[PDB]
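Have a look at start_23.tsv below; it lists TSV, C-alpha atoms and all ligand atoms.
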```tsv
chain	number	residue	atom	x	y	z
A	96	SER	CA	84.86	107.63	95.71
A	97	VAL	CA	87.12	105.43	93.60
A	98	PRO	CA	90.55	104.03	94.53
A	99	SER	CA	93.38	105.12	92.25
A	100	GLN	CA	94.71	102.55	89.79
A	101	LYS	CA	97.74	104.55	88.65
A	102	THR	CA	100.89	102.45	88.39
A	103	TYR	CA	103.48	103.85	90.80
A	104	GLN	CA	106.80	102.14	91.46
A	105	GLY	CA	107.73	104.57	94.24
A	106	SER	CA	111.03	104.79	96.09
A	107	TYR	CA	111.48	101.02	96.34
A	108	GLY	CA	110.82	100.18	92.68
A	109	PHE	CA	107.71	98.12	93.47
A	110	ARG	CA	106.05	96.06	90.74
A	111	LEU	CA	104.28	92.75	90.22
A	112	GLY	CA	105.33	89.62	88.38
A	113	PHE	CA	103.47	86.59	87.11
A	114	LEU	CA	104.39	83.01	86.27
A	115	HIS	CA	104.26	81.65	82.71
A	116	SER	CA	101.59	78.97	83.02
A	117	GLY	CA	100.49	78.61	79.40
A	118	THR	CA	97.01	78.16	77.99
A	119	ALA	CA	96.36	74.40	78.10
A	120	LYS	CA	92.75	73.40	78.78
A	121	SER	CA	93.83	72.14	82.22
A	122	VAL	CA	95.48	75.37	83.43
A	123	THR	CA	93.90	76.83	86.58
A	124	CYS	CA	95.55	80.28	86.56
A	125	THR	CA	97.25	82.05	83.67
A	126	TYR	CA	98.38	85.63	83.09
A	127	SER	CA	98.26	87.51	79.78
A	128	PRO	CA	100.90	90.26	79.51
A	129	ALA	CA	99.32	91.52	76.27
A	130	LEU	CA	96.01	92.11	78.08
A	131	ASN	CA	97.48	92.74	81.57
A	132	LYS	CA	94.84	90.25	82.66
A	133	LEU	CA	94.83	87.24	84.98
A	134	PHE	CA	92.46	84.37	84.14
A	135	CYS	CA	91.73	81.94	86.96
A	136	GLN	CA	89.33	79.28	88.15
A	137	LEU	CA	87.13	79.77	91.19
A	138	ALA	CA	88.97	79.50	94.53
A	139	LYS	CA	92.22	78.27	92.94
A	140	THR	CA	95.71	79.46	93.86
A	141	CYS	CA	96.83	82.62	92.02
A	142	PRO	CA	100.56	83.24	92.60
A	143	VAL	CA	101.45	86.92	92.36
A	144	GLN	CA	105.10	87.94	92.66
A	145	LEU	CA	106.21	91.13	94.38
A	146	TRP	CA	109.46	92.70	93.12
A	147	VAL	CA	111.42	95.66	94.51
A	148	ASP	CA	114.72	97.34	93.70
A	149	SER	CA	115.50	98.03	97.38
A	150	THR	CA	114.33	96.74	100.75
A	151	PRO	CA	111.29	98.56	102.22
A	152	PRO	CA	111.26	99.33	105.97
A	153	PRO	CA	110.06	96.90	108.64
A	154	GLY	CA	106.29	97.17	108.94
A	155	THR	CA	105.62	97.68	105.23
A	156	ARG	CA	102.51	95.81	104.04
A	157	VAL	CA	100.90	94.69	100.76
A	158	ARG	CA	97.16	95.24	100.24
A	159	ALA	CA	94.86	93.85	97.52
A	160	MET	CA	91.50	95.34	96.54
A	161	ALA	CA	89.12	94.77	93.62
A	162	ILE	CA	87.25	97.50	91.73
A	163	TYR	CA	85.02	97.38	88.67
A	164	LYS	CA	86.96	98.28	85.53
A	165	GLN	CA	84.12	100.13	83.75
A	166	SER	CA	83.73	103.74	84.86
A	167	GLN	CA	79.94	103.48	85.16
A	168	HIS	CA	80.38	100.73	87.80
A	169	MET	CA	83.53	101.96	89.55
A	170	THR	CA	81.72	103.35	92.60
A	171	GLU	CA	80.02	100.00	93.34
A	172	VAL	CA	81.77	97.82	95.92
A	173	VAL	CA	83.03	94.54	94.46
A	174	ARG	CA	81.68	91.76	96.67
A	175	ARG	CA	80.70	88.11	96.49
A	176	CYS	CA	77.30	87.30	95.01
A	177	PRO	CA	74.21	86.38	97.06
A	178	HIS	CA	74.94	82.67	96.63
A	179	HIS	CA	78.65	82.59	97.40
A	180	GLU	CA	78.44	84.91	100.41
A	181	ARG	CA	76.15	82.27	102.00
A	182	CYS	CA	77.94	79.06	101.04
A	183	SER	CA	79.88	78.70	104.33
A	184	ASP	CA	83.26	78.16	102.65
A	185	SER	CA	85.09	80.31	105.20
A	186	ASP	CA	88.73	79.69	106.05
A	187	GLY	CA	88.13	81.08	109.55
A	188	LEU	CA	89.69	84.46	108.70
A	189	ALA	CA	88.19	85.91	105.51
A	190	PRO	CA	84.70	87.38	105.91
A	191	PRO	CA	82.26	85.48	103.66
A	192	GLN	CA	81.52	88.64	101.63
A	193	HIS	CA	85.12	89.18	100.47
A	194	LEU	CA	85.99	88.29	96.88
A	195	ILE	CA	89.79	88.21	97.39
A	196	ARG	CA	91.42	85.95	99.98
A	197	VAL	CA	95.06	85.32	100.79
A	198	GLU	CA	95.89	81.63	101.04
A	199	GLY	CA	98.22	80.16	103.65
A	200	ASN	CA	99.14	83.28	105.64
A	201	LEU	CA	97.81	83.50	109.19
A	202	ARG	CA	98.91	87.16	109.37
A	203	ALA	CA	96.50	88.26	106.64
A	204	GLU	CA	94.06	90.92	107.80
A	205	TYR	CA	90.71	91.64	106.17
A	206	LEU	CA	89.34	95.19	106.14
A	207	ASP	CA	85.79	96.43	105.65
A	208	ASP	CA	86.45	100.14	105.17
A	209	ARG	CA	84.29	102.09	107.60
A	210	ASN	CA	83.84	104.96	105.11
A	211	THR	CA	83.89	103.43	101.61
A	212	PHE	CA	82.62	99.95	102.58
A	213	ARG	CA	85.20	98.45	100.23
A	214	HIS	CA	86.90	95.16	101.06
A	215	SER	CA	90.61	94.50	101.07
A	216	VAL	CA	93.13	91.99	102.37
A	217	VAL	CA	96.54	93.06	103.63
A	218	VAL	CA	99.64	91.06	104.63
A	219	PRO	CA	103.01	92.03	106.15
A	220	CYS	CA	105.88	92.16	103.71
A	221	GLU	CA	108.36	89.35	104.17
A	222	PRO	CA	111.75	89.20	102.44
A	223	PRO	CA	112.35	86.50	99.82
A	224	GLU	CA	113.41	83.09	101.04
A	225	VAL	CA	117.11	82.28	100.76
A	226	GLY	CA	117.82	81.57	97.10
A	227	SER	CA	114.86	83.57	95.79
A	228	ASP	CA	114.78	87.08	94.34
A	229	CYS	CA	111.12	87.92	94.94
A	230	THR	CA	108.26	87.18	97.32
A	231	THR	CA	105.02	85.50	96.24
A	232	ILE	CA	101.53	86.02	97.65
A	233	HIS	CA	98.91	83.38	96.90
A	234	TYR	CA	95.48	84.89	96.21
A	235	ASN	CA	92.10	83.21	95.71
A	236	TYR	CA	89.10	84.75	93.94
A	237	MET	CA	85.88	83.48	95.50
A	238	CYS	CA	83.21	84.21	92.83
A	239	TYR	CA	83.02	83.82	89.07
A	240	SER	CA	83.01	86.95	86.93
A	241	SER	CA	79.61	85.73	85.69
A	242	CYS	CA	77.97	85.33	89.13
A	243	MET	CA	74.45	86.75	89.05
A	244	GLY	CA	73.80	89.45	91.62
A	245	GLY	CA	77.55	89.87	92.10
A	246	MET	CA	80.09	90.74	89.43
A	247	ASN	CA	77.41	89.78	86.88
A	248	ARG	CA	79.84	89.56	83.91
A	249	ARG	CA	81.42	92.96	84.66
A	250	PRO	CA	85.24	92.99	84.44
A	251	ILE	CA	87.24	93.83	87.55
A	252	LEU	CA	90.73	95.06	88.33
A	253	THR	CA	92.84	94.02	91.29
A	254	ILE	CA	94.88	96.89	92.73
A	255	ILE	CA	97.96	95.87	94.73
A	256	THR	CA	99.41	98.58	96.95
A	257	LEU	CA	102.61	98.68	98.95
A	258	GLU	CA	101.89	100.63	102.14
A	259	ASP	CA	103.81	101.89	105.15
A	260	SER	CA	102.83	100.93	108.70
A	261	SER	CA	100.24	103.77	108.81
A	262	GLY	CA	98.72	102.78	105.47
A	263	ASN	CA	100.36	105.53	103.42
A	264	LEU	CA	101.03	104.75	99.77
A	265	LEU	CA	104.50	103.53	98.79
A	266	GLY	CA	103.78	101.80	95.47
A	267	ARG	CA	100.92	100.56	93.31
A	268	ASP	CA	100.33	98.10	90.48
A	269	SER	CA	97.22	96.47	89.05
A	270	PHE	CA	95.84	93.86	86.67
A	271	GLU	CA	92.47	92.88	85.24
A	272	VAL	CA	90.95	89.59	86.44
A	273	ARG	CA	88.50	87.15	84.88
A	274	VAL	CA	87.35	84.31	87.12
A	275	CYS	CA	86.06	81.59	84.81
A	276	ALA	CA	85.77	77.85	84.26
A	277	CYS	CA	88.38	77.61	81.45
A	278	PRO	CA	91.09	80.28	81.86
A	279	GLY	CA	93.34	78.80	79.16
A	280	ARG	CA	90.63	78.91	76.50
A	281	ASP	CA	89.45	82.36	77.56
A	282	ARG	CA	92.98	83.77	77.51
A	283	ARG	CA	93.51	82.37	74.01
A	284	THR	CA	90.17	83.78	72.84
A	285	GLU	CA	90.77	87.26	74.24
A	286	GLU	CA	94.34	87.42	72.94
A	287	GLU	CA	93.03	86.50	69.49
A	288	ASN	CA	90.35	89.19	69.70
A	289	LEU	CA	93.08	91.70	70.55
A	290	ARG	CA	95.19	90.51	67.60
A	291	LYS	CA	92.25	90.77	65.19
A	292	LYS	CA	91.67	94.36	66.36
B	1	LIG	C1	109.46	94.87	104.54
B	1	LIG	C2	109.95	93.44	104.56
B	1	LIG	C3	110.95	93.16	103.45
B	1	LIG	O1	110.27	93.32	102.20
B	1	LIG	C4	110.97	92.92	101.09
B	1	LIG	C5	112.37	92.87	101.03
B	1	LIG	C6	113.06	92.45	99.88
B	1	LIG	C7	114.56	92.43	99.90
B	1	LIG	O2	115.13	92.06	98.83
B	1	LIG	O3	115.13	92.78	100.98
B	1	LIG	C8	112.32	92.08	98.76
B	1	LIG	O4	112.98	91.67	97.63
B	1	LIG	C9	110.92	92.12	98.79
B	1	LIG	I1	109.88	91.51	97.04
B	1	LIG	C10	110.25	92.54	99.95
B	1	LIG	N1	108.84	92.57	99.87
B	1	LIG	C11	107.92	91.64	100.30
B	1	LIG	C12	106.67	92.05	99.93
B	1	LIG	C13	106.80	93.27	99.22
B	1	LIG	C14	108.15	93.56	99.18
B	2	ZN	ZN	79.41	84.01	93.22
```
What is this file in structure tokens?
Ligand SMILES: CCCOc1cc(C(=O)O)c(O)c(I)c1-n1cccc1
Ligand SMILES: [Zn+2]
Amino acid sequence: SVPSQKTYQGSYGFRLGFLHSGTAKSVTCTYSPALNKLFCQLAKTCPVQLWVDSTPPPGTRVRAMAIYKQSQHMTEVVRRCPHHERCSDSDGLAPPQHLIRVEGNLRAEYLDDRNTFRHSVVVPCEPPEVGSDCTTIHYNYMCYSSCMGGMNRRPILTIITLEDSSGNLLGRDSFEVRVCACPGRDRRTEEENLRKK
């Protein structure tokens, strides 16, 4: 099986937002709207905004899951490579096999699906802080796209789903991710490739 990636705002008008970090050599996380693609360094903070048009009910949650973007790999579970799963960099909550972690939220829950074996991380929805119009989740990606025996240079998508208390779908959005040493340079390169095409 393969999780759906269809964008779905749903009844609450759910969608993602990203900061405008630029493409300087020093940038650690940067989002390309033209590519719908996040470029980030290993284990660095990736701020992802959640936006809604109306308030979802108490108990609504936000889940993140990675899948391979290419159809011929979509049924393979995205996991950390044989090196990183053994490097003992745990935060005490994320299983060492999980690619995606949530940073700084003790209510994050990590799921190994008993039927699909896919990994995901889910947090309770919290309303924006006073003076803010959206809520931000801080994600970390714990392997490079190039890691041998893991992603092995294959592109991935992150699927973000808004779910009710039973796990039923309320909204969905997604973005491609490249985890790399120089996200600013790679974003510039890929945007230029797109322009040349
Ligand atoms: C279910 C708890 C409340 O959830 C929200 C409420 C509001 C609001 O304006 O009332 C909001 O703007 C957002 I963004 C969320 N939200 C947090 C994560 C996903 C959606
Ligand atoms: Zn790795």
(Q) What's around residue 244 in chain A at 10 Å? Count all atoms listed in the file, leave out sequence neighbours fewer than 2 positions away in its own chain, and write the answer as JSON, numbers by chain. (A) {"A": [174, 175, 176, 177, 178, 241, 242, 246, 247, 248]}
Q. Which residues, written as a ChimeraX atom specification, have at least one atom at most 8 Å from residue 273 in chain A, with all atoms listed in the file counted and residues fewer than 3 positions away on the same chain left out?
A. /A:132-135,239-240,250-251,278
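Distances from A:228, A:127, A:111, A:182 to residue 284 in chain A were compared using only C-alpha atoms, and the smallest one belongs to A:127.
With distances restricted to only C-alpha atoms and all ligand atoms, A:112 is the closest residue to ligand LIG 1 (chain B) from A:199, A:142, A:112, A:279.
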Take every atom of ligand LIG 1 (chain B) listed in the file, fit an axis-aligned box around them, add 6 Å per side, and give the centre and edge lengths in Å to one decimal as JSON.
```
{"center_x": 110.9, "center_y": 93.2, "center_z": 100.8, "size_x": 20.5, "size_y": 15.4, "size_z": 19.5}
```
Q: Would you mind listing what lies within 12 Å of residue 181 in chain A as a PyMOL selection string, with all atoms listed in the file counted and same-chain residues fewer than 2 positions away left out?
A: chain A and resi 175-179+183-185+190-193+237-238
Q.
Please find the residues contacting ligand LIG 1 (chain B) at a distance of at most 10 Å between atoms, with only C-alpha atoms and all ligand atoms counted, and report them as a VMD selection string.
A. chain A and resid 107 to 112 144 to 158 218 to 224 227 to 232 256 to 260 266
I need the chosen residues saved as a PDB file, in the frame of the given file, with C-alpha atoms.
```pdb
ATOM      1  CA  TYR A 107     111.480 101.020  96.340  1.00  0.00           C
ATOM      2  CA  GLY A 108     110.820 100.180  92.680  1.00  0.00           C
ATOM      3  CA  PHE A 109     107.710  98.120  93.470  1.00  0.00           C
ATOM      4  CA  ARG A 110     106.050  96.060  90.740  1.00  0.00           C
ATOM      5  CA  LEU A 111     104.280  92.750  90.220  1.00  0.00           C
ATOM      6  CA  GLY A 112     105.330  89.620  88.380  1.00  0.00           C
ATOM      7  CA  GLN A 144     105.100  87.940  92.660  1.00  0.00           C
ATOM      8  CA  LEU A 145     106.210  91.130  94.380  1.00  0.00           C
ATOM      9  CA  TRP A 146     109.460  92.700  93.120  1.00  0.00           C
ATOM     10  CA  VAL A 147     111.420  95.660  94.510  1.00  0.00           C
ATOM     11  CA  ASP A 148     114.720  97.340  93.700  1.00  0.00           C
ATOM     12  CA  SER A 149     115.500  98.030  97.380  1.00  0.00           C
ATOM     13  CA  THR A 150     114.330  96.740 100.750  1.00  0.00           C
ATOM     14  CA  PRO A 151     111.290  98.560 102.220  1.00  0.00           C
ATOM     15  CA  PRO A 152     111.260  99.330 105.970  1.00  0.00           C
ATOM     16  CA  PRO A 153     110.060  96.900 108.640  1.00  0.00           C
ATOM     17  CA  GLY A 154     106.290  97.170 108.940  1.00  0.00           C
ATOM     18  CA  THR A 155     105.620  97.680 105.230  1.00  0.00           C
ATOM     19  CA  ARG A 156     102.510  95.810 104.040  1.00  0.00           C
ATOM     20  CA  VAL A 157     100.900  94.690 100.760  1.00  0.00           C
ATOM     21  CA  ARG A 158      97.160  95.240 100.240  1.00  0.00           C
ATOM     22  CA  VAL A 218      99.640  91.060 104.630  1.00  0.00           C
ATOM     23  CA  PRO A 219     103.010  92.030 106.150  1.00  0.00           C
ATOM     24  CA  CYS A 220     105.880  92.160 103.710  1.00  0.00           C
ATOM     25  CA  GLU A 221     108.360  89.350 104.170  1.00  0.00           C
ATOM     26  CA  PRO A 222     111.750  89.200 102.440  1.00  0.00           C
ATOM     27  CA  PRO A 223     112.350  86.500  99.820  1.00  0.00           C
ATOM     28  CA  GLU A 224     113.410  83.090 101.040  1.00  0.00           C
ATOM     29  CA  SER A 227     114.860  83.570  95.790  1.00  0.00           C
ATOM     30  CA  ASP A 228     114.780  87.080  94.340  1.00  0.00           C
ATOM     31  CA  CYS A 229     111.120  87.920  94.940  1.00  0.00           C
ATOM     32  CA  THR A 230     108.260  87.180  97.320  1.00  0.00           C
ATOM     33  CA  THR A 231     105.020  85.500  96.240  1.00  0.00           C
ATOM     34  CA  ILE A 232     101.530  86.020  97.650  1.00  0.00           C
ATOM     35  CA  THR A 256      99.410  98.580  96.950  1.00  0.00           C
ATOM     36  CA  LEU A 257     102.610  98.680  98.950  1.00  0.00           C
ATOM     37  CA  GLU A 258     101.890 100.630 102.140  1.00  0.00           C
ATOM     38  CA  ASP A 259     103.810 101.890 105.150  1.00  0.00           C
ATOM     39  CA  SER A 260     102.830 100.930 108.700  1.00  0.00           C
ATOM     40  CA  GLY A 266     103.780 101.800  95.470  1.00  0.00           C
TER      41      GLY A 266
END
```
Q: State, in Å with one decimal place, the distance from CA of residue 215 in chain A to CA of residue 162 in chain A.
A: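 CA of residue 162 in chain A lies 10.4 Å from CA of residue 215 in chain A.
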Q | Atom pair CA of residue 233 in chain A / CA of residue 288 in chain A: separation (Å) | A |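 Rounded to one decimal, the two atoms are 29.1 Å apart.
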**Q.** Shell of 12 Å around residue 281 in chain A, all atoms listed in the file, local chain residues under 4 positions omitted, as a PyMOL selection string
**A.** chain A and resi 117-120+122-127+130+132-136+272-277+285-288
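Interatomic distance, CA of residue 211 in chain A against CA of residue 194 in chain A: 16.0 Å.
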Q) Restricting the calculation to all atoms listed in the file, which member of A:115, A:180, A:264, A:167 is positioned closest to ligand ZN 2 (chain B)? A) A:180
Q: Counting all atoms listed in the file, figure out which residue out of A:189, A:195, A:243, A:252 gets nearest to ligand ZN 2 (chain B).
A: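 Smallest distance to ligand ZN 2 (chain B) is found for A:243.
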Q: Go through A:198, A:173, A:121, A:104 and flag the residue nearest ligand ZN 2 (chain B), using all atoms listed in the file for the distances.
A: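 That would be A:173, the residue with the smallest distance to ligand ZN 2 (chain B).
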Q. Between A:188, A:201, A:159, A:265, which is the closest to residue 216 in chain A once you count only C-alpha atoms?
A.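 Comparing A:188, A:201, A:159, A:265 against residue 216 in chain A, the winner is A:159.
Residues in contact range of residue 197 in chain A, defined as at most 7 Å between all atoms listed in the file, with sequence neighbours fewer than 6 positions away removed, read residues 203, 233, 234 and 235 of chain A.
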Those same residues - C-alpha atoms - I'd like them written as an mmCIF file, in the coordinates of the input.
```cif
data_model
loop_
_atom_site.group_PDB
_atom_site.id
_atom_site.type_symbol
_atom_site.label_atom_id
_atom_site.label_comp_id
_atom_site.auth_asym_id
_atom_site.auth_seq_id
_atom_site.Cartn_x
_atom_site.Cartn_y
_atom_site.Cartn_z
ATOM 1 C CA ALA A 203 96.500 88.260 106.640
ATOM 2 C CA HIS A 233 98.910 83.380 96.900
ATOM 3 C CA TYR A 234 95.480 84.890 96.210
ATOM 4 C CA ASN A 235 92.100 83.210 95.710
#
```
